[PDB]
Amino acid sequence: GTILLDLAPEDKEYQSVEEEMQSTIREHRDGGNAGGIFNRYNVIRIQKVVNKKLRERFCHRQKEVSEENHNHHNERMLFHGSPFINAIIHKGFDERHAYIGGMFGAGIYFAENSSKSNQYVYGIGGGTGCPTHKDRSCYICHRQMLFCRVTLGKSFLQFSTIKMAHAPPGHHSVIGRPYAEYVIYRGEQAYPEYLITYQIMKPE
């Protein structure tokens, strides 16, 4: 079963995670359509996800990757957002929920910019926004996103939309440029380390 560890605001770990989240906000091409208009989040809590089986499978895959990547995990901390957070923290990332016709195929997608991940909290293109107000820029409803350990191993660099089912032979991830999108094709190559609960904040 999943255990959530509550990080304290005065912990350096809490602070480093919020700072990564706050400092990687950027302007988006869609003018804020999907994720809303904001310059900063209000972080309500940050929780560390602890789950024995998810950790086991992550370690297990880590090893296989390292062997095919000159003994390097090539791990990176990256943001992920999607409507499936609650399932992810209990069951792990599941590539079976990926979509053909994703920009780089049926993978699980991660970003360096927290604001990119925030676009997907309510679905592709922000869906119809929060359940309560149908507002993709809702400043009331709480949102969650993940700050994850991602086993990239040997990344394939892609520069056009390609519909991949799996990383290319000898590879373990795809870094795609339509800003970079980090894509894995196996759920066990990501661990949902930090669960961040937050609101976007209305600019003054």
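The first residue of the sequence shown is number 1, and the count goes up from there.
Enquirer: Which class fits the unmodelled deposited stretch between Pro178 and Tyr179: none, 1 to 3, 4 to 9, or 10 or more?
Expert: The entry leaves 4 to 9 residues without coordinates here.
Enquirer: Looking at the entry, does 74-82 or 95-103 show the higher mean C-alpha B-factor?
Expert: 95-103 has the higher mean C-alpha B-factor.
Enquirer: Output the stretch having the higher mean C-alpha B factor in the entry; the candidates are 50-58 and 154-162.
Expert: Looking at the record's C-alpha B-factors, the answer is 154-162.
Enquirer: Using the B-factor values recorded in the entry, state whether the Cα atom of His142 falls in the lowest, middle or highest third among the modelled residues of its chain.
Expert: Within its chain, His142 is a middle-third residue by C-alpha B-factor, going by the deposited values.
Enquirer: Could you tell me which third, lowest, middle or highest, the C-alpha B-factor of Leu5 occupies within its chain?
Expert: Middle third - that is where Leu5 ends up once the chain's C-alpha B-factors are sorted.
Enquirer: Could you tell me which third, lowest, middle or highest, the C-alpha B-factor of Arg136 occupies within its chain?
Expert: It falls in the bottom third of the chain.
Enquirer: Please place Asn42 in the lowest, middle or highest third of its chain by C-alpha B factor as given in the entry.
Expert: Middle third of the chain for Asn42's C-alpha B-factor.
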